[PDB]
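Listed next as C-alpha coordinates is one chain, alone, in the form deposited in one PDB entry.
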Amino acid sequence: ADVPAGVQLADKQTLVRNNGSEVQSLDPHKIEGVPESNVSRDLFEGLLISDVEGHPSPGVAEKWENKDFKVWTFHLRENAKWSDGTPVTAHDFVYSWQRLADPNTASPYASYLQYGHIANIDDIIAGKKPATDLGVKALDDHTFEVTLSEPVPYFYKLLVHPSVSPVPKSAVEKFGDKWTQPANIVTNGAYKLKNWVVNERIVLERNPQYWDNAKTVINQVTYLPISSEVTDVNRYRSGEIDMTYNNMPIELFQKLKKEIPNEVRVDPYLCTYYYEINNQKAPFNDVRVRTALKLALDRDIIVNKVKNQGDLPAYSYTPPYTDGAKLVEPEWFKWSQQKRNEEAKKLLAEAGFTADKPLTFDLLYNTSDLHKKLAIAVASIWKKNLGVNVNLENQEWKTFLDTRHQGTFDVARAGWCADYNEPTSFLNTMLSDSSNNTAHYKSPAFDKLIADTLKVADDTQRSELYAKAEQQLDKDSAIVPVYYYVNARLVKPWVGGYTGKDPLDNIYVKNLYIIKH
(Lines give C-alpha, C1' and ligand atoms only; values in the text may rest on other atoms or scores of the structure.)
Protein backbone atom coordinates (compact mmCIF):
# COMPACT_ATOMS: atom_id res chain seq x y z
CA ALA A 1 0.00 0.00 0.00
CA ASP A 2 1.03 3.62 -0.61
CA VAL A 3 -0.38 5.52 2.37
CA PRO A 4 -0.82 9.23 1.55
CA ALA A 5 1.00 11.89 3.54
CA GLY A 6 -0.83 12.79 6.72
CA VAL A 7 -3.40 10.00 7.00
CA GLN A 8 -3.38 8.53 10.50
CA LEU A 9 -3.49 4.72 10.42
CA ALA A 10 -5.74 2.75 12.73
CA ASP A 11 -3.92 0.83 15.46
CA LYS A 12 -5.50 -2.47 14.38
CA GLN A 13 -4.94 -3.20 10.71
CA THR A 14 -7.58 -5.84 10.04
CA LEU A 15 -10.17 -6.14 7.30
CA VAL A 16 -13.35 -8.11 6.71
CA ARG A 17 -14.51 -8.57 3.14
CA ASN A 18 -17.60 -10.41 1.92
CA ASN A 19 -16.67 -12.67 -1.03
CA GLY A 20 -20.07 -13.69 -2.36
CA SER A 21 -19.89 -17.47 -1.80
CA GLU A 22 -17.76 -20.36 -0.61
CA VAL A 23 -14.75 -20.76 -2.92
CA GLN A 24 -14.47 -23.70 -5.29
CA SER A 25 -10.90 -24.23 -4.09
CA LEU A 26 -7.69 -22.39 -3.16
CA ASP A 27 -5.67 -24.25 -5.81
CA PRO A 28 -4.96 -21.82 -8.68
CA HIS A 29 -5.33 -24.61 -11.28
CA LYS A 30 -8.77 -25.66 -10.06
CA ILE A 31 -10.53 -22.27 -9.82
CA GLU A 32 -12.38 -20.04 -12.24
CA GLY A 33 -14.65 -17.61 -10.38
CA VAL A 34 -14.55 -14.05 -9.05
CA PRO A 35 -14.79 -15.23 -5.43
CA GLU A 36 -11.98 -17.72 -6.00
CA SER A 37 -9.77 -15.13 -7.72
CA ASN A 38 -10.36 -12.57 -4.95
CA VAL A 39 -8.69 -14.87 -2.41
CA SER A 40 -6.13 -16.13 -4.96
CA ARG A 41 -4.62 -12.62 -5.56
CA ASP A 42 -3.72 -12.36 -1.86
CA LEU A 43 -2.05 -15.80 -1.69
CA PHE A 44 -0.39 -16.52 -5.04
CA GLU A 45 1.55 -14.06 -7.19
CA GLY A 46 2.26 -14.54 -10.86
CA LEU A 47 4.80 -12.89 -13.18
CA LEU A 48 2.84 -9.62 -13.28
CA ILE A 49 0.10 -8.19 -11.02
CA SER A 50 -2.34 -5.30 -11.48
CA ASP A 51 -1.41 -2.04 -9.72
CA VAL A 52 -4.09 -0.09 -7.80
CA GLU A 53 -5.55 1.32 -11.04
CA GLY A 54 -5.49 -2.04 -12.89
CA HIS A 55 -2.32 -1.51 -14.97
CA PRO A 56 -0.29 -4.70 -15.60
CA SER A 57 2.78 -4.24 -13.39
CA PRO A 58 5.72 -6.15 -11.95
CA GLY A 59 4.83 -9.20 -9.86
CA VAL A 60 7.44 -11.97 -9.44
CA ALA A 61 8.95 -10.67 -12.71
CA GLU A 62 10.63 -7.27 -12.20
CA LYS A 63 11.35 -6.74 -15.93
CA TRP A 64 10.57 -8.49 -19.20
CA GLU A 65 11.22 -8.23 -22.93
CA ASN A 66 9.70 -9.74 -26.07
CA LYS A 67 11.14 -10.67 -29.46
CA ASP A 68 8.54 -10.15 -32.17
CA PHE A 69 5.77 -10.60 -29.55
CA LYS A 70 6.49 -14.38 -29.75
CA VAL A 71 9.34 -15.03 -27.32
CA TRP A 72 8.78 -13.37 -23.95
CA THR A 73 11.55 -13.27 -21.36
CA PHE A 74 10.74 -12.58 -17.74
CA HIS A 75 13.45 -11.60 -15.25
CA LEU A 76 12.33 -12.73 -11.79
CA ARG A 77 13.36 -10.62 -8.80
CA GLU A 78 16.07 -12.36 -6.77
CA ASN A 79 14.27 -11.94 -3.45
CA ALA A 80 10.92 -13.47 -4.50
CA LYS A 81 10.12 -16.15 -1.91
CA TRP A 82 7.51 -18.63 -0.75
CA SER A 83 6.00 -18.35 2.75
CA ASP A 84 8.37 -21.13 3.95
CA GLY A 85 11.38 -18.95 3.06
CA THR A 86 12.39 -20.85 -0.12
CA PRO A 87 12.98 -18.85 -3.31
CA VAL A 88 10.37 -18.55 -6.06
CA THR A 89 12.15 -19.60 -9.24
CA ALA A 90 11.54 -19.95 -12.94
CA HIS A 91 11.35 -23.71 -12.31
CA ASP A 92 8.21 -23.13 -10.19
CA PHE A 93 6.63 -21.39 -13.16
CA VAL A 94 7.67 -24.16 -15.56
CA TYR A 95 6.07 -26.85 -13.39
CA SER A 96 2.99 -24.74 -12.71
CA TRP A 97 2.18 -23.89 -16.35
CA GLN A 98 2.79 -27.53 -17.24
CA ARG A 99 0.33 -28.60 -14.52
CA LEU A 100 -2.23 -26.09 -15.85
CA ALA A 101 -1.89 -27.54 -19.38
CA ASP A 102 -2.02 -31.18 -18.29
CA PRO A 103 -5.42 -32.72 -19.04
CA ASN A 104 -5.16 -34.80 -15.86
CA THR A 105 -5.36 -31.57 -13.80
CA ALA A 106 -8.69 -30.87 -15.58
CA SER A 107 -8.41 -27.11 -14.92
CA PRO A 108 -11.39 -25.02 -16.08
CA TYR A 109 -8.68 -22.60 -17.23
CA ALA A 110 -6.54 -25.10 -19.23
CA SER A 111 -7.50 -23.00 -22.28
CA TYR A 112 -5.85 -19.84 -20.78
CA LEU A 113 -2.66 -21.23 -22.35
CA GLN A 114 -4.42 -21.45 -25.74
CA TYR A 115 -5.64 -17.83 -25.33
CA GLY A 116 -1.99 -16.86 -24.94
CA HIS A 117 -0.97 -19.34 -27.71
CA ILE A 118 1.89 -20.94 -25.79
CA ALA A 119 3.67 -23.41 -28.09
CA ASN A 120 2.26 -26.94 -28.34
CA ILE A 121 -0.75 -26.33 -26.07
CA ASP A 122 -3.40 -27.74 -28.42
CA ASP A 123 -1.63 -31.11 -28.63
CA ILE A 124 -1.04 -31.24 -24.85
CA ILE A 125 -4.70 -30.51 -24.13
CA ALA A 126 -5.67 -33.25 -26.62
CA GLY A 127 -3.27 -35.83 -25.11
CA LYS A 128 -1.02 -36.00 -28.19
CA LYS A 129 2.01 -34.50 -26.41
CA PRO A 130 3.05 -34.64 -22.76
CA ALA A 131 2.74 -31.40 -20.73
CA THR A 132 6.57 -31.27 -20.56
CA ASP A 133 6.52 -30.23 -24.26
CA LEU A 134 4.78 -26.93 -23.34
CA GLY A 135 6.64 -23.93 -24.78
CA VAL A 136 8.04 -22.65 -21.48
CA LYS A 137 11.52 -23.05 -20.00
CA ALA A 138 13.64 -21.75 -17.12
CA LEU A 139 16.86 -20.35 -18.64
CA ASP A 140 18.18 -20.15 -15.07
CA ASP A 141 16.54 -19.91 -11.63
CA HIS A 142 15.54 -16.25 -12.20
CA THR A 143 14.69 -16.31 -15.89
CA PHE A 144 11.46 -17.64 -17.37
CA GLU A 145 11.03 -17.78 -21.14
CA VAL A 146 7.77 -18.33 -22.94
CA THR A 147 7.51 -19.17 -26.60
CA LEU A 148 4.24 -18.57 -28.42
CA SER A 149 3.18 -20.10 -31.73
CA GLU A 150 2.32 -16.65 -33.19
CA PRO A 151 2.68 -12.98 -32.25
CA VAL A 152 0.49 -11.94 -29.32
CA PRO A 153 1.16 -8.29 -28.58
CA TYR A 154 -1.16 -8.25 -25.56
CA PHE A 155 0.32 -11.49 -24.08
CA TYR A 156 1.75 -9.84 -20.96
CA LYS A 157 -1.76 -8.53 -20.01
CA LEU A 158 -2.92 -12.16 -19.52
CA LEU A 159 -0.32 -12.79 -16.83
CA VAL A 160 -2.10 -11.24 -13.84
CA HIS A 161 -4.72 -14.10 -13.86
CA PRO A 162 -4.69 -16.78 -11.12
CA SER A 163 -4.33 -19.74 -13.46
CA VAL A 164 -0.81 -18.60 -14.46
CA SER A 165 0.24 -18.15 -10.80
CA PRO A 166 2.84 -20.54 -9.36
CA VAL A 167 1.96 -23.47 -7.13
CA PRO A 168 4.42 -25.26 -4.82
CA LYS A 169 5.31 -28.62 -6.40
CA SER A 170 6.55 -30.24 -3.20
CA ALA A 171 3.31 -29.51 -1.27
CA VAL A 172 1.20 -30.56 -4.25
CA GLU A 173 3.01 -33.89 -4.63
CA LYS A 174 3.16 -34.73 -0.90
CA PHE A 175 -0.41 -33.72 0.07
CA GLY A 176 -2.39 -34.07 -3.16
CA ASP A 177 -5.90 -32.61 -2.83
CA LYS A 178 -5.10 -31.42 0.72
CA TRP A 179 -2.07 -29.24 -0.21
CA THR A 180 -4.21 -26.14 0.29
CA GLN A 181 -5.06 -26.90 3.95
CA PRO A 182 -3.54 -24.37 6.38
CA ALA A 183 -1.01 -26.90 7.76
CA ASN A 184 0.24 -27.82 4.30
CA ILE A 185 -0.13 -24.81 2.03
CA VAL A 186 2.80 -22.72 0.85
CA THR A 187 2.08 -19.27 -0.71
CA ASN A 188 4.05 -16.50 -2.44
CA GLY A 189 1.65 -13.54 -2.30
CA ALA A 190 1.34 -10.85 0.38
CA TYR A 191 -0.69 -13.21 2.62
CA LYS A 192 -0.63 -16.77 4.00
CA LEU A 193 -3.65 -18.93 4.85
CA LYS A 194 -4.43 -18.99 8.56
CA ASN A 195 -7.91 -20.53 8.81
CA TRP A 196 -10.39 -22.02 6.32
CA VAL A 197 -13.77 -22.95 7.81
CA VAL A 198 -15.95 -23.98 4.84
CA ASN A 199 -19.13 -21.89 4.71
CA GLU A 200 -17.93 -19.71 7.57
CA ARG A 201 -14.73 -17.82 6.82
CA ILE A 202 -11.29 -17.76 5.23
CA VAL A 203 -8.71 -15.85 7.30
CA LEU A 204 -5.42 -14.70 5.79
CA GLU A 205 -2.41 -13.30 7.63
CA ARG A 206 0.48 -11.23 6.36
CA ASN A 207 3.26 -13.29 4.74
CA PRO A 208 6.57 -11.93 6.07
CA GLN A 209 8.54 -13.65 3.30
CA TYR A 210 6.70 -11.71 0.62
CA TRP A 211 9.25 -9.66 -1.34
CA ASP A 212 7.21 -6.46 -0.95
CA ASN A 213 6.17 -7.13 2.68
CA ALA A 214 7.50 -3.75 3.86
CA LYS A 215 4.67 -1.97 1.98
CA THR A 216 1.87 -4.32 3.17
CA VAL A 217 -0.29 -2.63 5.84
CA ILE A 218 -3.28 -4.89 6.64
CA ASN A 219 -2.10 -7.74 8.92
CA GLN A 220 -5.18 -9.95 8.69
CA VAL A 221 -8.05 -10.10 6.18
CA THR A 222 -11.10 -12.35 6.54
CA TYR A 223 -13.18 -13.35 3.48
CA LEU A 224 -16.77 -14.42 4.16
CA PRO A 225 -18.95 -16.62 1.94
CA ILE A 226 -22.30 -14.79 2.16
CA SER A 227 -24.38 -15.20 -1.01
CA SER A 228 -27.31 -13.09 0.19
CA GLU A 229 -26.59 -9.51 -0.86
CA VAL A 230 -29.20 -8.32 1.68
CA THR A 231 -27.34 -10.17 4.47
CA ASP A 232 -24.02 -8.78 3.26
CA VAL A 233 -25.35 -5.23 3.48
CA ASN A 234 -26.87 -5.97 6.90
CA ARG A 235 -23.55 -7.27 8.28
CA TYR A 236 -21.71 -4.33 6.74
CA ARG A 237 -24.10 -1.81 8.40
CA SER A 238 -23.92 -3.66 11.72
CA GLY A 239 -20.14 -3.10 11.73
CA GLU A 240 -18.93 -6.67 11.06
CA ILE A 241 -18.05 -6.21 7.36
CA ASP A 242 -15.75 -3.51 5.98
CA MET A 243 -16.30 -4.10 2.28
CA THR A 244 -19.35 -5.89 0.82
CA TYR A 245 -19.12 -8.20 -2.18
CA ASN A 246 -19.96 -6.36 -5.44
CA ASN A 247 -23.37 -7.82 -6.14
CA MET A 248 -26.07 -5.51 -4.71
CA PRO A 249 -29.56 -6.29 -3.34
CA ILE A 250 -32.80 -5.12 -4.88
CA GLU A 251 -34.40 -4.81 -1.44
CA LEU A 252 -31.95 -2.19 -0.14
CA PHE A 253 -29.88 -0.51 -2.91
CA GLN A 254 -32.11 2.51 -3.54
CA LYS A 255 -32.21 3.08 0.23
CA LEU A 256 -28.38 2.97 0.55
CA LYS A 257 -27.56 5.69 -1.98
CA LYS A 258 -29.76 8.13 -0.10
CA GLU A 259 -28.79 6.84 3.35
CA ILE A 260 -25.00 6.39 3.03
CA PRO A 261 -23.88 8.07 -0.22
CA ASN A 262 -20.14 8.32 0.51
CA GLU A 263 -19.98 4.56 1.19
CA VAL A 264 -21.66 3.50 -2.04
CA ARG A 265 -18.93 2.99 -4.63
CA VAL A 266 -20.16 2.60 -8.21
CA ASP A 267 -17.45 2.25 -10.90
CA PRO A 268 -16.99 0.86 -14.41
CA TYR A 269 -16.75 -2.94 -14.60
CA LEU A 270 -15.91 -5.12 -17.59
CA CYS A 271 -18.49 -7.80 -16.99
CA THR A 272 -21.66 -8.87 -18.80
CA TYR A 273 -24.80 -10.40 -17.25
CA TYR A 274 -26.55 -12.84 -19.58
CA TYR A 275 -28.69 -15.97 -19.69
CA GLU A 276 -26.40 -18.81 -20.81
CA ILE A 277 -28.18 -21.25 -23.15
CA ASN A 278 -27.01 -24.87 -23.36
CA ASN A 279 -26.55 -24.88 -27.16
CA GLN A 280 -26.20 -28.68 -27.35
CA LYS A 281 -29.46 -29.50 -25.51
CA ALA A 282 -32.65 -29.75 -27.59
CA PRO A 283 -34.66 -27.76 -28.02
CA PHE A 284 -32.04 -25.06 -27.36
CA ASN A 285 -30.04 -26.40 -30.32
CA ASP A 286 -32.65 -24.64 -32.52
CA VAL A 287 -31.62 -21.03 -33.33
CA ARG A 288 -35.27 -19.98 -33.52
CA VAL A 289 -35.79 -20.92 -29.87
CA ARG A 290 -32.62 -19.17 -28.73
CA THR A 291 -33.44 -16.04 -30.77
CA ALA A 292 -36.99 -15.98 -29.38
CA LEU A 293 -35.70 -16.03 -25.81
CA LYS A 294 -33.19 -13.29 -26.60
CA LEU A 295 -35.75 -10.96 -28.15
CA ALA A 296 -38.68 -11.51 -25.75
CA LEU A 297 -36.55 -10.61 -22.75
CA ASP A 298 -37.37 -6.95 -21.98
CA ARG A 299 -34.09 -5.30 -20.95
CA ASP A 300 -35.66 -1.95 -20.18
CA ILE A 301 -37.86 -3.55 -17.52
CA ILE A 302 -35.12 -5.69 -16.00
CA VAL A 303 -32.33 -3.15 -16.25
CA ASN A 304 -34.26 0.05 -15.51
CA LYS A 305 -37.36 -1.00 -13.56
CA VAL A 306 -36.62 -4.18 -11.59
CA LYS A 307 -32.88 -3.73 -10.92
CA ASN A 308 -32.15 -0.06 -11.66
CA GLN A 309 -28.61 0.01 -10.23
CA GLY A 310 -26.72 1.81 -13.04
CA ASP A 311 -26.38 -1.18 -15.36
CA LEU A 312 -26.75 -0.66 -19.10
CA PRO A 313 -28.89 -2.88 -21.35
CA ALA A 314 -26.72 -5.31 -23.27
CA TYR A 315 -26.77 -6.49 -26.87
CA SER A 316 -23.36 -8.23 -26.96
CA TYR A 317 -21.13 -10.62 -24.96
CA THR A 318 -17.99 -8.46 -24.93
CA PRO A 319 -18.79 -5.17 -23.14
CA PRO A 320 -18.58 -2.28 -25.63
CA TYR A 321 -16.18 -0.37 -23.38
CA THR A 322 -13.55 -3.14 -23.37
CA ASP A 323 -10.21 -1.84 -24.73
CA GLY A 324 -10.35 -2.66 -28.45
CA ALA A 325 -14.12 -3.13 -28.69
CA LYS A 326 -15.76 -1.28 -31.60
CA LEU A 327 -19.00 -3.24 -31.77
CA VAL A 328 -21.97 -2.98 -34.10
CA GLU A 329 -25.28 -2.57 -32.23
CA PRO A 330 -27.70 -5.00 -33.87
CA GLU A 331 -31.04 -3.87 -35.30
CA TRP A 332 -33.13 -5.99 -32.93
CA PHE A 333 -31.79 -3.97 -29.97
CA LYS A 334 -33.03 -0.61 -31.34
CA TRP A 335 -36.51 -1.94 -32.10
CA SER A 336 -39.46 -1.50 -29.75
CA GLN A 337 -40.12 -4.35 -27.27
CA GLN A 338 -43.48 -4.87 -28.98
CA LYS A 339 -41.72 -5.63 -32.28
CA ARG A 340 -39.19 -7.84 -30.48
CA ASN A 341 -42.11 -9.74 -28.87
CA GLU A 342 -43.97 -10.34 -32.16
CA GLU A 343 -40.76 -11.64 -33.81
CA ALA A 344 -40.11 -13.98 -30.85
CA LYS A 345 -43.68 -15.35 -30.92
CA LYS A 346 -43.33 -15.97 -34.67
CA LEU A 347 -40.02 -17.84 -34.29
CA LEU A 348 -41.34 -19.97 -31.43
CA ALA A 349 -44.49 -20.77 -33.40
CA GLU A 350 -42.21 -21.76 -36.30
CA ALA A 351 -40.27 -24.00 -33.90
CA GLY A 352 -43.38 -26.14 -33.25
CA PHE A 353 -44.54 -24.59 -29.99
CA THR A 354 -48.23 -24.04 -29.33
CA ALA A 355 -50.52 -23.22 -26.40
CA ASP A 356 -51.28 -26.95 -26.00
CA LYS A 357 -47.58 -27.88 -26.09
CA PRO A 358 -45.74 -24.82 -24.78
CA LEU A 359 -42.01 -24.37 -24.27
CA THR A 360 -41.09 -25.40 -20.73
CA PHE A 361 -37.56 -25.46 -19.29
CA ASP A 362 -35.29 -24.84 -16.31
CA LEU A 363 -33.65 -21.54 -15.31
CA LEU A 364 -30.68 -22.27 -13.08
CA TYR A 365 -29.09 -19.63 -10.93
CA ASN A 366 -26.57 -19.59 -8.10
CA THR A 367 -28.06 -18.70 -4.69
CA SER A 368 -28.41 -14.92 -4.45
CA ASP A 369 -31.10 -12.30 -3.68
CA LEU A 370 -30.19 -10.50 -6.86
CA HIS A 371 -30.26 -13.53 -9.13
CA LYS A 372 -33.46 -14.99 -7.68
CA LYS A 373 -35.35 -11.69 -8.01
CA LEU A 374 -34.10 -11.22 -11.56
CA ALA A 375 -34.93 -14.84 -12.51
CA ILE A 376 -38.47 -14.42 -11.13
CA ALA A 377 -38.85 -11.21 -13.18
CA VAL A 378 -37.44 -12.86 -16.33
CA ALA A 379 -39.66 -15.93 -15.87
CA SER A 380 -42.66 -13.54 -15.63
CA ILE A 381 -41.50 -11.53 -18.65
CA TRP A 382 -41.04 -14.65 -20.75
CA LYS A 383 -44.42 -15.97 -19.64
CA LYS A 384 -46.19 -12.70 -20.49
CA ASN A 385 -44.33 -11.84 -23.69
CA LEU A 386 -43.76 -15.30 -25.13
CA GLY A 387 -45.95 -17.84 -23.33
CA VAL A 388 -43.01 -19.92 -22.04
CA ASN A 389 -42.97 -21.61 -18.65
CA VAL A 390 -39.78 -21.71 -16.63
CA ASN A 391 -38.90 -23.66 -13.50
CA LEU A 392 -36.34 -21.81 -11.44
CA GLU A 393 -33.65 -23.89 -9.73
CA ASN A 394 -31.03 -22.53 -7.31
CA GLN A 395 -27.62 -24.14 -6.61
CA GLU A 396 -24.66 -23.04 -4.51
CA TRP A 397 -21.79 -21.48 -6.46
CA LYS A 398 -19.37 -24.41 -6.66
CA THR A 399 -22.17 -26.83 -7.65
CA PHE A 400 -23.61 -24.33 -10.15
CA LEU A 401 -20.29 -24.01 -12.00
CA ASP A 402 -19.91 -27.80 -12.11
CA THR A 403 -23.46 -28.13 -13.47
CA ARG A 404 -22.64 -25.68 -16.27
CA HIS A 405 -19.38 -27.46 -17.11
CA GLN A 406 -21.19 -30.82 -17.21
CA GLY A 407 -23.94 -29.42 -19.43
CA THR A 408 -26.72 -30.67 -17.08
CA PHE A 409 -28.92 -27.57 -17.54
CA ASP A 410 -31.24 -25.81 -19.99
CA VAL A 411 -30.70 -22.09 -19.36
CA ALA A 412 -28.53 -20.62 -16.63
CA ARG A 413 -28.09 -17.13 -15.21
CA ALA A 414 -24.50 -16.12 -15.98
CA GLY A 415 -21.87 -13.40 -15.82
CA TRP A 416 -18.42 -13.16 -17.35
CA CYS A 417 -15.84 -10.64 -16.16
CA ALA A 418 -12.68 -9.94 -18.22
CA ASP A 419 -9.44 -11.55 -17.13
CA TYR A 420 -7.39 -9.09 -19.24
CA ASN A 421 -8.72 -5.92 -20.89
CA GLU A 422 -8.97 -7.01 -24.58
CA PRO A 423 -11.96 -8.49 -26.41
CA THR A 424 -10.49 -11.97 -26.72
CA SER A 425 -10.75 -12.27 -22.92
CA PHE A 426 -14.47 -12.65 -23.61
CA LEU A 427 -14.49 -14.01 -27.16
CA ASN A 428 -12.04 -16.89 -26.54
CA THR A 429 -14.54 -18.48 -24.12
CA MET A 430 -16.90 -19.16 -27.04
CA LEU A 431 -14.31 -21.06 -29.11
CA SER A 432 -15.53 -24.64 -29.78
CA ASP A 433 -12.74 -26.18 -27.70
CA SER A 434 -12.52 -23.62 -24.89
CA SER A 435 -12.40 -25.06 -21.37
CA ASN A 436 -14.53 -21.98 -20.40
CA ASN A 437 -17.26 -22.74 -22.96
CA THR A 438 -20.20 -23.54 -20.68
CA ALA A 439 -22.58 -22.35 -23.43
CA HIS A 440 -21.46 -25.50 -25.25
CA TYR A 441 -21.44 -23.34 -28.41
CA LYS A 442 -19.44 -24.66 -31.36
CA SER A 443 -19.31 -22.50 -34.49
CA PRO A 444 -16.62 -23.14 -37.11
CA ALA A 445 -17.31 -19.63 -38.53
CA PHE A 446 -16.87 -17.99 -35.09
CA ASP A 447 -13.68 -19.99 -34.48
CA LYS A 448 -12.22 -18.85 -37.81
CA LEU A 449 -12.97 -15.19 -37.15
CA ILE A 450 -11.01 -15.36 -33.86
CA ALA A 451 -8.15 -17.39 -35.38
CA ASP A 452 -7.80 -14.60 -37.94
CA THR A 453 -7.38 -11.86 -35.32
CA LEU A 454 -3.73 -12.85 -34.82
CA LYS A 455 -3.16 -13.31 -38.57
CA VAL A 456 -3.35 -9.55 -39.13
CA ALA A 457 -0.85 -7.12 -37.50
CA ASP A 458 -3.18 -4.14 -37.27
CA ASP A 459 -5.53 -3.11 -34.46
CA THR A 460 -8.20 -1.82 -36.88
CA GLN A 461 -8.41 -5.13 -38.71
CA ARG A 462 -8.29 -6.96 -35.37
CA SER A 463 -11.10 -4.77 -33.99
CA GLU A 464 -13.24 -5.27 -37.11
CA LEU A 465 -12.85 -9.06 -36.74
CA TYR A 466 -13.89 -8.83 -33.07
CA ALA A 467 -17.04 -6.98 -34.17
CA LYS A 468 -17.68 -9.67 -36.79
CA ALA A 469 -17.23 -12.43 -34.16
CA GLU A 470 -19.80 -10.71 -31.93
CA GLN A 471 -22.17 -10.41 -34.90
CA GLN A 472 -21.67 -14.17 -35.52
CA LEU A 473 -22.49 -14.93 -31.86
CA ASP A 474 -25.58 -12.70 -32.09
CA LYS A 475 -26.82 -14.24 -35.35
CA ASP A 476 -26.55 -17.67 -33.70
CA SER A 477 -28.13 -16.37 -30.50
CA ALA A 478 -25.58 -18.30 -28.44
CA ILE A 479 -26.61 -16.34 -25.34
CA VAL A 480 -29.17 -13.83 -24.10
CA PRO A 481 -27.29 -10.62 -23.17
CA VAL A 482 -29.02 -8.76 -20.33
CA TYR A 483 -26.92 -5.88 -19.05
CA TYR A 484 -23.34 -4.65 -18.64
CA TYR A 485 -22.47 -4.63 -14.97
CA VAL A 486 -21.30 -1.73 -12.90
CA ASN A 487 -19.05 -2.47 -9.92
CA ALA A 488 -21.25 -1.42 -7.01
CA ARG A 489 -20.28 -2.22 -3.42
CA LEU A 490 -20.21 -0.61 0.00
CA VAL A 491 -16.83 0.43 1.40
CA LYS A 492 -16.43 1.85 4.93
CA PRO A 493 -14.99 5.37 5.05
CA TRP A 494 -11.90 4.06 6.89
CA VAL A 495 -10.84 1.63 4.17
CA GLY A 496 -8.15 3.38 2.13
CA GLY A 497 -6.60 2.21 -1.13
CA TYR A 498 -9.76 1.16 -3.01
CA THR A 499 -9.76 3.52 -6.00
CA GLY A 500 -12.45 1.81 -8.07
CA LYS A 501 -10.29 2.73 -11.11
CA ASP A 502 -9.56 -0.84 -12.19
CA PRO A 503 -12.39 -2.03 -14.47
CA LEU A 504 -11.35 -5.65 -13.84
CA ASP A 505 -11.66 -5.11 -10.03
CA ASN A 506 -8.39 -7.01 -9.38
CA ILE A 507 -8.07 -5.90 -5.75
CA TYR A 508 -5.04 -6.88 -3.68
CA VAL A 509 -5.45 -6.52 0.13
CA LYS A 510 -1.69 -5.60 0.28
CA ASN A 511 -2.74 -2.25 -1.35
CA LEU A 512 -5.38 -1.28 1.27
CA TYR A 513 -5.05 0.32 4.71
CA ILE A 514 -7.30 1.19 7.69
CA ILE A 515 -7.56 4.88 8.57
CA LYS A 516 -8.00 5.80 12.25
CA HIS A 517 -11.69 6.04 13.18
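In this text, the rigid core denotes the largest set of C-alpha atoms whose superposition between the two forms falls within 1.5 Å. The first residue of the shown sequence is 1; numbering continues from there. Only residues modelled in both forms are compared.
There is also a form deposited in another entry; it is not shown, and the following applies to it.
Q. Relative to the superposed core, which single residue of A296, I185, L158, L204 shows a CA shift of 2 Å or more between the shown form and the other one?
A. Comparing the C-alpha positions, the one residue that moves 2 Å or more is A296.
Item to complete: Might you say whether the CA atoms of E65 and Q461 end up closer or farther apart in that other deposited form than in this form? Their distance differs by 3 Å or more.
Response: Result: closer.
query = Once you compare with this form, do the C-alpha atoms of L364 and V23 lie closer or farther in that other deposited form, given a change of 3 Å or more?
reply = Pair moves farther apart in that other deposited form.
Next on the checklist: Could you identify the runs between the shown form and the other one where three or more consecutive residues, present in both forms, all have C-alpha shifts of 2 Å or more after superposing the core?
Outcome noted: CA shift runs, sequence order: 272 to 416, 426 to 484.
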